[PDB]
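Participant: I need the structure of the sequence given here:
(4 chains, ligands or ions: 6)
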Amino acid sequence: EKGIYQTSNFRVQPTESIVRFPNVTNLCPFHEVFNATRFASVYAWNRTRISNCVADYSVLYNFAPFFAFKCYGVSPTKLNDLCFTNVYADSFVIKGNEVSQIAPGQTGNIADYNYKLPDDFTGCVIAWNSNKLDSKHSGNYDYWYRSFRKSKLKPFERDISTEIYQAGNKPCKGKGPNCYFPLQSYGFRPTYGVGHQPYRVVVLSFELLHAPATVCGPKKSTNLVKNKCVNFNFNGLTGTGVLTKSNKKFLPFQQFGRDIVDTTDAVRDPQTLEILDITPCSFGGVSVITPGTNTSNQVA
Amino acid sequence: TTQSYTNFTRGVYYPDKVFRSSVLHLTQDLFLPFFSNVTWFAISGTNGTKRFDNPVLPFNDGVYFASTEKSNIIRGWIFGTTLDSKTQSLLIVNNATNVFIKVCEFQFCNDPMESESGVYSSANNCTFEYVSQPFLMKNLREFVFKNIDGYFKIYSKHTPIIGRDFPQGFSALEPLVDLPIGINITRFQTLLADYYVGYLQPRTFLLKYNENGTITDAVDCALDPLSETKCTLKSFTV
Amino acid sequence: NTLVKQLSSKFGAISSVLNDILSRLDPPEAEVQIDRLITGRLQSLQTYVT
Amino acid sequence: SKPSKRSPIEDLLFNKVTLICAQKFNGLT
Ligand SMILES: *[C@@H]1O[C@H](CO)[C@@H](O[C@@H]2O[C@H](CO)[C@@H](O)[C@H](O)[C@H]2NC(C)=O)[C@H](O)[C@H]1NC(C)=O
Ligand SMILES: *[C@@H]1O[C@H](CO)[C@@H](O)[C@H](O)[C@H]1NC(C)=O
Ligand SMILES: *[C@@H]1O[C@H](CO)[C@@H](O)[C@H](O)[C@H]1NC(C)=O
Ligand SMILES: *[C@@H]1O[C@H](CO)[C@@H](O)[C@H](O)[C@H]1NC(C)=O
Ligand SMILES: *[C@@H]1O[C@H](CO)[C@@H](O)[C@H](O)[C@H]1NC(C)=O
Ligand SMILES: *[C@@H]1O[C@H](CO)[C@@H](O)[C@H](O)[C@H]1NC(C)=O
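Facilitator: Numbers count the residues shown, from 1 in each chain, chains lettered A, B, ... in the order given. Ligands and ions are numbered 1, 2, ... in the order given. The structure is reproduced below:
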């Protein structure tokens, strides 16, 4: 019928994709952490900070096949596209039967007294069977478990102060009914079954939140283009828009800017330290003016 | 020699590195409450200008610290759980050329004509060292020390002291440094050879941003019925 | 302002930004987080229109 | 003598109460 109708919407599409990452050519020391001479006892796990590097995770697949590689807050295959603010590697060796406890929300001897993950956990749990390196016919000192604790552990709370069990109803120093050596050692032989053989575990905790980041995946930078509708990725922050010179006076501390409705409207370029405004690409509704198809097929 | 707790309405800092302008932003974080009891320590507080035994005060959630002395007697802070060689401790010192931040199992030595002492000789099992420009060097020299998720966040602002040691003008602190120390802190001690120590609490504040990314005022939403009204309406005028 | 402000809410999702959900997760998980955002945003539009 | 040809009172009425708005332009027009 004759009239004006609203049909679909129009959008200006981007013409190119611009990705900007900092001047970092240093590789992350994942091989030093995974290819350890020795792994820390689970009761006293070794936390290694990873910073100022490219988190190229292909080296992890080069290191070993894996028993378990389960990511909770991220995809295991998109880790090289992401950029992380703070990455920590918790390295320890545990009994295979306890591997299922290295997960958010779990309980058991390890989740309760040696190493606990928070419920709000973003990261990856990586494990492999290390029997050929850690088991010995005479036993070893790699396995230590804090069987008894006055209270359960909080996530990432390390406590290596050992005294004596308070299992009984009387204070004592080693009395067998009421007191046991606070930290137990266990000996393992290469002939033990799959559930008793040692496994090497590395937990990668990723604070994948907010503006700062020291470690970005292996992306290749491109040139900047201003005053055009483009796709972009700034240190993991992605979107579509027009990048223009900004007149906002950001403090050296401030890195991103936001509007009154908490949307991103400015970024700092990781190499130039230029502040760029983000303008959305033009969009709007499309209306069609029709004389009516019983008169003419011309439309505006 | 502790004195009156005074009436501080200071200690507001930029909660994160996000630029905002002409925005009244309501946020919840750890802040020094307005009209809070800030203990004022009284050269050297209890020991006095020439005595040992400077006090060790709790570190409850976080600490607001300020010093108005131009004597340059205060040069650092020591933080930890025991402040003894056995328990990992964090040492921050200023030699007026660099700021030295080290965390090790430093020993206590009654750490102080104001000569340098052989303090923390047994610096065993060192975990982290950082060196940068001096933090400290008639200047208010205000600092906030917060310790969350392993990050010892230090914020500060240095403004002139002209008419008042603690003028009523508002000035927000900007983060100066953010360190991944990974240290558990229960107690701390000041290092000497007008020190105001307050405590941060979870609070919601309405922060007023300028045309530029500068915070010019703030409302403590739990202080007064009027402050709740200001926060509820997202306005400084009711 | 309320309708726009609702876009920053998570509604139980890991993140309020749709591009971050797609950037971080594989389709099977992204669909769950996205459905949470769709439910919240669609409910917000119906409230606005009513 | 004034653009828009409004009366003095209409001009007052128009001045007391307060075309692309960048704010809120997230699909809402
Ligand atoms: C915001 O920052 C600017 C500097 O970036 C301040 O300085 C004024 O900026 C305007 C810009 O048009 C100039 O016309 C003035 O001459 C500048 N003044 C001075 C003294 O340099 C500006 O004052 C700051 N805004 C506020 C509200 O403090
Ligand atoms: C990794 O460990 C193996 C153990 O046999 C050693 O031969 C290899 O050189 C190590 N590689 C690195 C990069 O440390
Ligand atoms: C623990 O981590 C540190 C830092 O990466 C490293 O030097 C040390 O050798 C590691 N030890 C063990 C037992 O993994
Ligand atoms: C990165 O390298 C380029 C080389 O031209 C240099 O101009 C730029 O300042 C560097 N940026 C940083 C952040 O180091
Ligand atoms: C209260 O604030 C005023 C501000 O001028 C100050 O002079 C006064 O000393 C403060 N109160 C106390 C108890 O010190
Ligand atoms: C603070 O000190 C107490 C002293 O008993 C200690 O138990 C507590 O664990 C310490 N704080 C932290 C965060 O570890």
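
Participant: Am I right that residue B:33 is in contact with residue B:223?
Facilitator: Yes - counting by Cβ atoms under 8 Å, residue B:223 is a contact partner of residue B:33 at 7.0 Å. In short, each C-beta sits where N, CA and C put it, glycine included.

Participant: more neighbours, these two?
Facilitator: residue B:33 (21 against 18; other Cβ atoms under 10 Å in any protein chain shown).

Participant: Relative to residue A:102, how far out is the more buried one?
Facilitator: As judged by Cβ to Cβ, to the nearest Å, residue B:33 and residue A:102 stand 41 Å apart.

Participant: Also residue B:215?
Facilitator: Residue B:215 is 43 Å from residue A:102, by Cβ to Cβ.

Participant: which residue sits closest to residue A:232 in space, ignoring its chain neighbours?
Facilitator: Spatial nearest neighbour of residue A:232, chain neighbours left out: residue A:18 (5.0 Å); criterion: Cβ to Cβ, 6 or more residues apart in numbering or on different chains.

Participant: now that neighbour, what's its secondary structure?
Facilitator: strand (DSSP: H, G, I helix; E, B strand; the rest coil).

Participant: Just confirm it contacts residue A:229, I think it does.
Facilitator: No - Residue A:18 is beyond contact range of residue A:229, at 11.2 Å (criterion: Cβ under 8 Å).

Participant: Now for the residue in the stretch 101-250 of chain A that ligand 3 sits nearest to, how many residues are close by?
Facilitator: Residue nearest to ligand 3 within the stretch 101-250 of chain A (Cβ to the nearest ligand atom): residue A:142, separated by 9.4 Å. Residue A:142 is flanked by 23 other residues according to other Cβ under 10 Å.

Participant: next one: residue A:299
Facilitator: 11.

Participant: didn't it look like it was pressed against residue A:289?
Facilitator: Yes - with contact defined as Cβ under 8 Å, residue A:299 reaches residue A:289; the gap is 6.2 Å.

Participant: Quick one: name the residues of chain C near chain D.
Facilitator: C:1, C:3-4, C:7 (Cβ under 8 Å from any Cβ of the partner chain).

Participant: Please list the members of those that lie in helices.
Facilitator: Mapping the residues of chain C next to chain D onto helices (DSSP state H) picks out C:3-4.

Participant: just the buried members of the residues of chain C next to chain D?
Facilitator: Buried subset of these (neighbour count, 16 or more other Cβ atoms under 10 Å in any protein chain shown): C:3-4, C:7.

Participant: OK, contacts around the residue of chain A found nearest ligand 1?
Facilitator: Per Cβ to the nearest ligand atom, residue A:249 is where chain A lies closest to ligand 1, at 4.6 Å. Going by Cβ atoms under 8 Å, 6 or more residues apart in numbering or on different chains, residue A:249 touches B:212-213.

Participant: Distance-wise, check it relative to residue B:19.
Facilitator: Residue A:249 is 9 Å from residue B:19, by Cβ to Cβ.

Participant: shared neighbours, these two?
Facilitator: residue B:213.

Participant: ranges for the helices of chain C?
Facilitator: Using DSSP H, helices in chain C cover C:2-5, C:18-24, C:27-49.

Participant: ok, residue A:26 - contacts?
Facilitator: A:52-54.

Participant: let me redo that: residue B:219
Facilitator: Counted by Cβ under 8 Å, 6+ apart, residue B:219 has contacts B:205-206, B:227, B:230-231, B:236.

Participant: What residues are bridge-paired with it?
Facilitator: residue B:206 (DSSP bridges).

Participant: That one and ligand 6, how far apart?
Facilitator: 31 Å (Cβ to the nearest ligand atom, to the nearest Å).

Participant: hang on, the earlier thing: return the subset of the contacts of residue A:26 lying in strands.
Facilitator: A:53-54 (DSSP state E).

Participant: Neighbour-wise, which one of the contacts of residue A:26 leads?
Facilitator: Neighbour-wise, those (other Cβ under 10 Å) top out at residue A:54, 19 neighbours.

Participant: how about the nearest residue to it, chain neighbours excluded?
Facilitator: Nearest to residue A:54 is residue A:218, by Cβ to Cβ, 6+ apart, at 5.1 Å.
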